[PDB]
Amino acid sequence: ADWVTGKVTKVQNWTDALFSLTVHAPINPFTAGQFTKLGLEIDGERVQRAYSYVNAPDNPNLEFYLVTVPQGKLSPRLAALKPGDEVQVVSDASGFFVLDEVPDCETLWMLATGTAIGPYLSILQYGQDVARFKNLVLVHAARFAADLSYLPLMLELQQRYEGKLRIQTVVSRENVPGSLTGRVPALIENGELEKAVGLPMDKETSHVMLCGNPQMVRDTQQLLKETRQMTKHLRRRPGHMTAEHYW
């Protein structure tokens, strides 16, 4: 896994914990939805972690949306980077959370918690290989309204897609006009998410991508399996769900 040297060109601090890095690095071409590994030297040793590309692959402004994990090894050090700093970038991207691995369906649902919205933003900004889906639905769940860092881009995407892309934000406990409140699995189970979006999530019409918090991913997959007869998708055994856990 050889690497190249990236240079930080922008640091955007969204909240005390959330930031986006913009980096220029001579990486190889990647597929929208894939991740690389970013690395710094910590206590005399190379430390690296996976981070998804937020940018479309044809945009050389590499962008990563991160949360500072308390007591985390690498994230606080990435949080300390300034424009002009170097960071190590693995030159070939990894991952199967990509349209190439998503079967045709009427409605493609894309569920993310927190910083796990990245891969959907890469995919949606790139805008290729989506003609075969009638509907696209992006659901961003975060703890507070203040944590929904890509709403302006989301307004841009919604307009671009002319009604084909439907977007819904979810917050944990706040009452926020325009957002749903609560857990993604609970909002699926009680019908509120589907009512808000105005499209069903079911085996006949949907594929569901799930990205980020393992509890959200696990609980949602268990719910859809037990209550909607929806299965994990495999090349050899076609199904309805594609997942990428962030931990």
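All residue numbers are counted from 1 along the displayed sequence.
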Would 12 to 20 or 229 to 237 have the larger average of its C-alpha temperature factors, as given in the entry? 229 to 237
Taking the recorded C-alpha temperature factors, which stretch has the higher mean, 151 to 159 or 77 to 85? 77 to 85
Relative C-alpha B-factor of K195, binned into the chain's lowest, middle or highest third: middle
How does the C-alpha B factor of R143 compare with the rest of the chain: lowest, middle or highest third? lowest
Among all modelled residues of this chain, ranked by Cα B factor, put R183 in the bottom, middle or top third, i.e. lowest, middle or highest. highest
Ranked C-alpha temperature factor of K203 among modelled chain residues, by third: highest
Name the third of the chain's ranked CA B-factors that contains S172, choosing lowest, middle or highest. lowest
